[PDB]
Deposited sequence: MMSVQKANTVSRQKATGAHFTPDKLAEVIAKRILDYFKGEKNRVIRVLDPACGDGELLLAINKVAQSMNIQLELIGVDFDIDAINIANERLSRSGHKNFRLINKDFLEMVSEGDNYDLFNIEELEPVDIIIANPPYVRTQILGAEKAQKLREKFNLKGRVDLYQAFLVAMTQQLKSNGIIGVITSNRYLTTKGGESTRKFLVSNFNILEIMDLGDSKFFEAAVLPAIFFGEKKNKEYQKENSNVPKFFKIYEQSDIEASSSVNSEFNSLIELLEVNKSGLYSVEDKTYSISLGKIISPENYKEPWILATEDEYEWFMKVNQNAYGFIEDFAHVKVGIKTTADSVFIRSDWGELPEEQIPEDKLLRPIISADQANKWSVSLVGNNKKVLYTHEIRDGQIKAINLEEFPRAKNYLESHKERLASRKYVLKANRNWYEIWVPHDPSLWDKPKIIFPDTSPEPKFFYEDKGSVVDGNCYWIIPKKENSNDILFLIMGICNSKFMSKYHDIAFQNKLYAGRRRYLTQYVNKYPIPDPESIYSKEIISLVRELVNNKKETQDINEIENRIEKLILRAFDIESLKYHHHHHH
């Protein structure tokens, strides 16, 4: 049994179109016709009539494909000796089964680079080939494409992931791994857009092994995960889901059935999400940090020490800690250049702060050399992104953008938040108590597990990215629940009371169990 037949069987089973008509199948790089012969053989087993269209450069491959297609008794086939990218008359097809050739990256001529940019609305020969296949496919058509599996996880595959999830309802991704079928191949099954996608994964495991199957090919149709042996080699097969592929900046990894079920249960038992209760905001960008953010303001010449009102405490990611941070002994302050004047966010008048004026004018060359500031009709001395001066005084949660563990802490000293941190304030009509609940959730192993499943797994890079797109979608339990009330009470204790590590861990243990009760979920793993 050929690998192409397992692809053919999956493609035809996924095809939701009418089965009593002629199905048009395109192989843009048919070669010797391995894929076209396979899909026709499976179609004959299901009494499906196919029109096989094969396109490939090099007559020698086309000639071999021509004699093999004719010998099968199938007469409704058509071979085009041409490059598919240069070719794109060919009507739209129902099915594309493909093994594209373009593997090595190369520089393209400027004439070919531009001709491919405009014709496929690009911003890579592999990208154009992928777009060329999609445009030739009918809406709700099925595609089965063999690629390397590198685009699933690497940053190089971001644009490939974006294109696929934008144009296709992903049906199934098969990660063939280290299995030596032919490179590390992956098979993509997609329905062209006019479904939680399945994820198949098979890898050789070296160190209840089911030895029932006699061939490696039969393993590709197993509907249950586990260890399987066909010879001296034992294979680990994982059937799962791919959750939120639209988040294409993160790798496309398999979620186990248990992880997906737990993920769905948390979502259905959730009372709401962080965005329903609070604003998740980003810190400031001064653009000249060495001028605006210092901890030696008192050591400047007296005529240059900015007036006290302008020096606000500023918190950066390196200071992040769970629950609370000690600001005593910390002199890191930002010269904050904005205020609320006449109900409007305006830059300060330097003439009102002569000492800050002396300091800033001593740095006027660097500050005025910021073209984007002057081009925006803004003053040379301004912090580029100062946000809202009136919001810093509110109690807030602060967390770093990247962290190997959750470091969400409460802050109520009117501190400004730097650019490598985000911060959370409640939407009006919600008490300040909601911040303690949110923090208890955010810092938990529960939400770390949820984050790994829903948005991106820490295991890939060893850190978690707390993007606002992720934190906004953190599930929150019923704040009026007796369990949420106890979480709030315990978190308020961790914030306001200096405690030893032994009972901080105890309180944190209580919060973990309370979150389970608040979501009505028994355990994590």
Gaps in the model (deposited sequence, numbered from 1): 1-22, 111-122, 158-160, 220-222, 235-242, 256-260, 579-585
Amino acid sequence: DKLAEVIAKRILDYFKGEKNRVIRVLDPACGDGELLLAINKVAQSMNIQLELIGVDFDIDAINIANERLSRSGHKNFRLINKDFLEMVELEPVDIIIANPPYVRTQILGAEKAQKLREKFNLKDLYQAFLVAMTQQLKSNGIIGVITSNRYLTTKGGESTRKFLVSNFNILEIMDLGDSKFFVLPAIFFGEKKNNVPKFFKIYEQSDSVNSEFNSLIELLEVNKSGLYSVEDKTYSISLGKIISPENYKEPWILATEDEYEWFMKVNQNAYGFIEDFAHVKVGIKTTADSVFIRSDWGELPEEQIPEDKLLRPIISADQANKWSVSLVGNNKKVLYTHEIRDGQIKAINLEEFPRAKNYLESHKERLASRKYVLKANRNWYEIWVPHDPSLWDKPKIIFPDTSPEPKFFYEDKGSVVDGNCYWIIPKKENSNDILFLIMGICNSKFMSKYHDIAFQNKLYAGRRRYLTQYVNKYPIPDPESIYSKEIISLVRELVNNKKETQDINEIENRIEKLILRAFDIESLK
From here on, numbers count along this sequence of modelled residues.
Higher-scoring stretch by recorded Cα B factor average, 101-109 or 252-260: 101-109
24-32 or 476-484, whichever carries the higher mean Cα B-factor: 24-32
Out of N81, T147, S326, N267, residue topping the C-alpha B-factor column of the entry: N81
Top Cα B factor in the deposited entry, candidates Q469, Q456, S489, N66: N66
Third of chain Cα B-factors occupied by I521: middle
Cα B factor band for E411 (lowest, middle or highest third within the chain): lowest
Ranked C-alpha temperature factor of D418 among modelled chain residues, by third: lowest
Chain third (lowest, middle, highest) by recorded CA B-factor, residue given as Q502: highest
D124, C-alpha B-factor rank within chain (lowest, middle or highest third): highest
